[PDB]
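Enquirer: Provided hereafter are the protein sequence and its experimental coordinates.
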Amino acid sequence: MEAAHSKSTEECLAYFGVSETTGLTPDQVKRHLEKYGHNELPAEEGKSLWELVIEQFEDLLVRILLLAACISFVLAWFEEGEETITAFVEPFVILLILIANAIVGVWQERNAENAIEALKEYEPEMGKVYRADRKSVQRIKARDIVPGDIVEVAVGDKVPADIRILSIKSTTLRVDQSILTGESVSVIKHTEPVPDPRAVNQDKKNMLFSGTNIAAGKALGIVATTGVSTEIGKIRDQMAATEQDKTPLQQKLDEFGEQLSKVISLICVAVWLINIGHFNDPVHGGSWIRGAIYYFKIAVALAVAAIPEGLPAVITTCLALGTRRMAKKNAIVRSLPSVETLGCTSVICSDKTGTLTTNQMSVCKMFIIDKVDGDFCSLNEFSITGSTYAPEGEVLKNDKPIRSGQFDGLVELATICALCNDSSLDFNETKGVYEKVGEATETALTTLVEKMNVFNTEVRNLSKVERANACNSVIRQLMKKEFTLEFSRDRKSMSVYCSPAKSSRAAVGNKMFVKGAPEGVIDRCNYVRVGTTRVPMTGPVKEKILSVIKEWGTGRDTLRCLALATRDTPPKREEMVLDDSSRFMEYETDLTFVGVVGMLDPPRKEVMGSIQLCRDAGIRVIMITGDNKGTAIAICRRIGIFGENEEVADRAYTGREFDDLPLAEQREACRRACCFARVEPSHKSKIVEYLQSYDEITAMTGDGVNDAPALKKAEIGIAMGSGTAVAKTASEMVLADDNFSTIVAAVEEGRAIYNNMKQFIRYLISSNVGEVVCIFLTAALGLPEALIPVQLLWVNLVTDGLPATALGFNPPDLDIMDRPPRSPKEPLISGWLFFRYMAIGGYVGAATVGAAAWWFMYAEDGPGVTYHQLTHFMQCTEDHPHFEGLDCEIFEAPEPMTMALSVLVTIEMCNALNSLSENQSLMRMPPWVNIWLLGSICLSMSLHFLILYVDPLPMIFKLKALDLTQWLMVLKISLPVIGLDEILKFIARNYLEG
Ligand SMILES: C/C=C(/C)C(=O)O[C@H]1C(C)=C2[C@H]([C@@H]1OC(=O)CCCCCCC)[C@@](C)(OC(C)=O)C[C@H](OC(=O)CCC)[C@@]1(O)[C@H]2OC(=O)[C@@]1(C)O
Ligand SMILES: Nc1ncnc2c1ncn2[C@@H]1O[C@H](COP(=O)(O)O)[C@H]2OC3(O[C@H]21)C([N+](=O)[O-])=CC([N+](=O)[O-])C=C3[N+](=O)[O-]
Ligand code: ALF
Ligand SMILES: [Mg+2]
Ligand code: NA
């Protein structure tokens, strides 16, 4: 039944045609069960390992490196006894890392906890219904419950489904709906309709939502909806079909790899417009199946020059190191990519309770009467420090510590708070902290009493376990609680009947201690207590009292206030009817006002600062809470989101208000407002979504189940360490420290990290540029294969794969957190750098093709065969006359390559010392800063030698160690690159902007 909250109890009964007195018939159940399904939440298992593997091959740069790897296995058959020693070494290494690294990725996806599973832990196994079947209440499996069912719930029960309340059996039904609001305070239910058909959960006080639990009372209800049609079901849906978007840096790569798909597929057809000459004149040397081998080889040579392999491992390494680094900062990163994404965060959406606050209701102010005289009435006001439930803090009078016991009024105030209370405090030995037991509102009173210690009880030598309720127990020993007149909606107050300890049931001196909403209690007072005396409540005293209550209730503090009173002459126990609550107000009459307490869930100490830092870094912070707007705004003012006196009419909304705004205005609202209150789970994800429609990298921070949809939706979900499993399972990070400040440092780490990736991502793609220039030249120019597709791989994995993971250690700026969020669209290479890396690209390209032709022509061992024939190496038999000087079968020897790869290596080792800074002269910025880079080159070079000396290696790479002569030239064809970019960095540092 949709909108069951808007209808009457009769209307809901009628709707399913069910009897509140008998319940559904076995037939009705059978039918409804068929129509509506089982009251359960669909489980959503993570994709099987098979999926996890297939997905690793969805990347274009991978499908290209695989498609080419196949063409390398196709043309791998053609290999006789001349080079049969290394026929299948490439088709092996090309698919080696292609799955070796592609499999390590599955070690970053199959590693995840399911959130819906965590969410299903709120599904109670059993439920209680009245079926026409039998007369007594049946306890059946919850999943067996269906709409129209007549369900029963009592204190302690976890609500089985979304239920419309029919009848409340106790004086009140108190509920904890924190899975939907994040607020633990008890909500008071009623059975009357709630007209507004757009009422938010907080407003449907006539409904019971699946997953919440009964704090007090007993009630009968009719099921409105089950399964995914419940409020917990909507949370469930927003976590199911969602799938996190792709990191900003990831899109940058997807763009690159997509353009690399057009460039390479164009370079090959570019050689076609250059091979329009050996097809005209009559000439053949083999079938097309033996002649077309040229094209399907220049492709398998570019696929290794273009696709910058090794990056997929340099990145994963940088992140892994960052993760461990942040982990020491108390930030558990569950998603490696998000690390980079947190760096460019512009907006931080934050839950309030338990996230911005401590979620420990605390009495921070209280007052009693000082003196009365005619129209004059002064109050003794006090303040209490401490923001946790721990009995640690002090009472201040004008900011100066005092002893509560000095004031008799505080002795009575403490007595009332200790007796008129159903809660207590406990010390959790395992966790080492104090925790409430019962209502937060009451435990604040319990804690207050301990801080006050009005009888000066000795507590410093008590174990923390025994310190928890020491002062309360003392007071409990002075008065015996006969019975308590529980809270009533028409009274807004509560009381307890007490008799002096060690007295007869007939003895005099019995008291009633009252606690409640100030207006009602104060109106039922005819006296005011002054110390241990009492005087008539007069107009002036009442006005003084109410005026301060008004202040404390709505300001920069906005506190929940309670008036405390006692009836000095209560009725005789006998003349009191306890089974009739409508008579309680009259018993709580002719009262003596005693005092007032004001409480609030206090902000965490390091939050106002964390937000100012965020501000400095250009990050805005928005609050989205399920709690009320009044306390929402007050907390915003306390932590710096709103000015202490700033006008917030248009800067703060409730979910209901927000829902009234038309779509376009809701959007704008998220850009203007900074405080959203009394919202629902879906409101949070919606606000985050709107924020993302303005192209903003938004983070969501919280601890509740109601925060899950937003945490999932945000680019960076951050859960509190002591928060719910659900919140944690939906986040990218967890602040095990619960410190908001840990978020600021995580951002810094994310900025520092990206800046260093920004370098090796370039250093690497840059290298892949020079490589393509080489293969392009030795393809349209005619020259032979200077570098084979089996060498490049080792170069872009070990040769460069080290200096890259070395730049990732470059010392970060000092003003990294004094600059605004970098744009999500900020490209890596463009402008003068696109041009700079363009020249350095061709350079290395012609520095390898020429370094090979050199060894042949103008060199040594190589025959001076001039260019006019050097390119006719494919004609050492078909045309001997115009080509015949030395041995023919010497081309594919370790000379042209062993002299072309020595350049790429020497050059790149130079490029690294250059990537140490975008626009900075190496002479200015000591190229020896990043010590690791130095050691990184010393390793890549010794590995370039080790791949020569130990024959077993150069046997496949086909390279022969040059002696102390040839190498002397190599260091002269690469060394000049240090001067080329050196001028480029001068043109950018002077004749350009920075
Ligand atoms: C891997 C190797 C190469 C050579 C490649 O094809 O890179 C191109 C390419 C795809 C881009 C280009 C390369 O394009 C050229 O250099 C022009 C063509 C020259 C042909 C010469 C004949 C042989 C990058 C590399 O280089 C220069 C020096 O201009 C810069 C940048 O890339 C980045 O910012 C890196 C993103 C990870 C991209 O324009 C990029 O395309 C994009 O979408 C970008 C925005 O990404
Ligand atoms: N329909 C209603 N309209 C307004 N207030 C209500 C309503 N129903 C209940 N309340 C009161 O509003 C509170 C929930 O919302 P916040 O604190 O965030 O504004 C409830 O807290 C107490 O009475 C409730 C209470 N109790 O439910 O048992 C007991 C109390 N006591 O005696 O200790 C005091 C209450 N109190 O508000 O002061
Ligand atoms: F703790 Al909240 F909205 F402030 F769930
Ligand atoms: Mg919370
Ligand atoms: Na997220």
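Expert: In hand now; what should we look at? Numbering: from 1, shown residues only. Ligands and ions are numbered 1, 2, ... in the order given.
Enquirer: Using CSV, list the CA coordinates for the strand with the most length in the chain.
Expert: As assigned by DSSP state E, the longest strand anywhere in the chain is strand 362-373. Output of strand 362-373 as CSV, limited to C-alpha atoms (Å, rounded to 0.1, in the frame of the first residue of the first chain):
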residue,chain,number,x,y,z
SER,A,362,26.1,16.6,26.6
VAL,A,363,24.6,19.0,29.2
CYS,A,364,26.6,22.2,28.6
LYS,A,365,24.5,24.7,30.5
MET,A,366,22.2,24.7,33.5
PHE,A,367,20.7,27.2,35.9
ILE,A,368,18.8,27.6,39.2
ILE,A,369,17.3,30.6,41.0
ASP,A,370,19.8,32.9,42.8
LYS,A,371,17.4,35.3,44.6
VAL,A,372,13.9,36.7,44.2
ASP,A,373,12.5,40.0,45.3
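Enquirer: Quick check: buried residues in the strand or helix carrying residue 971?
Expert: When elements are assigned from DSSP states H and E, residue 971 belongs to helix 966-973. Neighbour-count burial for helix 966-973 flags 966, 969-970, 973 (criterion: 16 or more other C-beta atoms under 10 Å). C-beta: built from backbone N, CA, C; applies to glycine.
Enquirer: Just put those in CSV and tack on distance to ligand 3.
Expert: Formatted as CSV, the buried residues of helix 966-973 follow (distance: C-beta to the nearest ligand atom, whole Å):
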residue, distance to ligand 3
966, 71
969, 70
970, 65
973, 65
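Enquirer: Any chance of those in TSV with distance to residue 696 as columns?
Expert: TSV is the format used below for those (distance: C-beta to C-beta, whole Å):
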residue	distance to residue 696
966	57
969	54
970	50
973	48
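Enquirer: What is the nearest of the residues you listed to residue 113?
Expert: Set against residue 113, the nearest of those by C-beta to C-beta is residue 970 (53.4 Å).
Enquirer: How many residues are close by the closest residue to that closest one other than its chain neighbours?
Expert: Spatial nearest neighbour of residue 970, excluding adjacent residues (C-beta to C-beta, 6 or more residues apart in numbering): residue 902 at 4.4 Å. Residue 902 is flanked by 24 other residues according to other C-beta atoms under 10 Å.
Enquirer: element containing residue 902?
Expert: Following DSSP H and E, one finds residue 902 within helix 901-915.
Enquirer: That helix versus helix 966-973: what angle between them?
Expert: Angle, helix 901-915 to helix 966-973, by axes from the mean of the first three to the mean of the last three C-alpha atoms, to 10 degrees: 40 degrees.
Enquirer: Does ligand 1 have contacts with stretch 972-984?
Expert: No. Stretch 972-984 does not reach ligand 1 (C-beta under 6 Å from any ligand atom); its nearest approach is 12.1 Å.
Enquirer: for the residue nearest to residue 675 when sequence neighbours are not counted, phi and psi?
Expert: Of all residues not flanking residue 675 in the chain, residue 652 sits nearest, at 3.9 Å (C-beta to C-beta, 6+ apart). Dihedral angles of residue 652 (phi, psi; degrees, to the nearest 10) stand at phi -140, psi 130.
Enquirer: Any figure for the gap between residue 470 and ligand 2?
Expert: Distance from residue 470 to ligand 2, counting by C-beta to the nearest ligand atom, to the nearest Å: 22 Å.
Enquirer: Could you find the closest non-adjacent residue to the residue of the stretch 51-200 of the chain found nearest ligand 1?
Expert: Nearest residue of the stretch 51-200 of the chain to ligand 1, counting by C-beta to the nearest ligand atom: residue 61, 9.5 Å away. Sequence neighbours aside, residue 257 is the residue nearest to residue 61 in space, at 4.1 Å (criterion: C-beta to C-beta, 6+ apart).
Enquirer: quick one: contacts for the residue of the stretch 151-300 of the chain found nearest ligand 2?
Expert: The nearest approach of the stretch 151-300 of the chain to ligand 2 comes at residue 188, 3.8 Å away (C-beta to the nearest ligand atom). Residue 188 makes contacts with 172-175, 205, 489, as judged by C-beta atoms under 8 Å, 6 or more residues apart in numbering.
Enquirer: Report the buried members of the residues you listed.
Expert: By 16+ other C-beta under 10 Å, the contacts of residue 188 give 172-175, 205 as buried.
Enquirer: Closest one of those residues to residue 116?
Expert: Of all those, residue 116 sits closest to residue 175, with 23.9 Å by C-beta to C-beta.
Enquirer: For residue 595, pull up the helix or strand it's in.
Expert: Per DSSP H and E: residue 595 is located in strand 591-600.
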